[PDB]
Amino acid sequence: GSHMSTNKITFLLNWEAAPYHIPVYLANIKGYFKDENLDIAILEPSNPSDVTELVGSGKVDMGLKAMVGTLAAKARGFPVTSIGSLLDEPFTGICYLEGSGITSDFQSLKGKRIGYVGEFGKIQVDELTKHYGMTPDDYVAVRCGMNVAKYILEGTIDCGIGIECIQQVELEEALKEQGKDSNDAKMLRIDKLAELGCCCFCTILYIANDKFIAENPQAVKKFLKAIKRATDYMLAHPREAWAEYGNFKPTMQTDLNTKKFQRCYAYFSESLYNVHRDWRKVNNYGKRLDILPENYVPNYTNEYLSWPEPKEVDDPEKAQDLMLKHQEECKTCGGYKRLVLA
């Protein structure tokens, strides 16, 4: 006896369900996948380090992963390709609490316990040390999975790698509930420490197994159409979309997750396009880190997107500064406002 066929396509998130996963869940909830005759089985990982080996080996069809992990996957023999962007350049850094002895000076990290998520965070911090008169032995790296912010708050690490709209928000809100100044939640931006220009290495991407892409090109195209439809809706109607997401996934109804969503809002890619200049820069960064070979070719494609490509940006420094001001403003206001492009 054989087995019946399933048309269910597995889609593995990069993390436990989080506010920025809204386009995937909303495309399902609102029937946008069904309208494209797709059945998407959304799966969440217990351990984010499992994602690329599962997608790359073909055990899972599609999913999400940040740019460093995506590039490294194919270099390690797990052939995935980025087919689009979800969250563009979210600020990423070593998060800490003001008054613990850590400052904006990287050298203040001497003798500290620094949390990282899975694997590459430690590689990044280790590489930074030589640029600041330090060695990897000058700190203790602690693998924390999805609990970096929690462990900072609980004091079992002194600081740790996280993104501004997720981990930093958790720190800020926890400080407030304690009666502490939320401004005490700070980060040493990793793009600045590594002298990279922006947090391009932290863009979260839609990825797919190469064989899956080859064997299901229509499905990939239609998946991205449905995602685009949900993304358009969410960007136009964030409050209503957020309510819908939370009705299905009640974890998202909390005040904390709502604060996170407000902070994520400006980062969502409206076009889903892979940004060429970012990929070029992170590829070179990965080579510097000794996780990608010289001559490595970036593993992304825009071939499955069915609408026009936005123009390249000559001045992302300017745009990044606008983002800074926007995010700082978020700390004291409600509401949802997208950045206006130059």
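Residue numbers here begin at 1 and follow the sequence given.
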Assert higher mean C-alpha B factor (167 to 175 or 102 to 110, deposited values) equals 102 to 110
As the entry reports it, the stretch among 20 to 28 and 326 to 334 with higher mean C-alpha B factor is 326 to 334
Among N216, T251, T81, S269, highest Cα B-factor in the entry goes to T251
Among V297, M67, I42, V51, the highest C-alpha B-factor in the PDB entry belongs to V297
For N283, the third of its chain by CA B-factor is the middle
Of the three thirds of the chain ranked by Cα temperature factor, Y245 occupies the lowest
The third of the chain into which the C-alpha temperature factor of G162 falls is the lowest
In terms of its chain's C-alpha B-factors, the third that includes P316 is the highest
Here the Cα B-factor of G63, set against its chain, lands in the third termed lowest
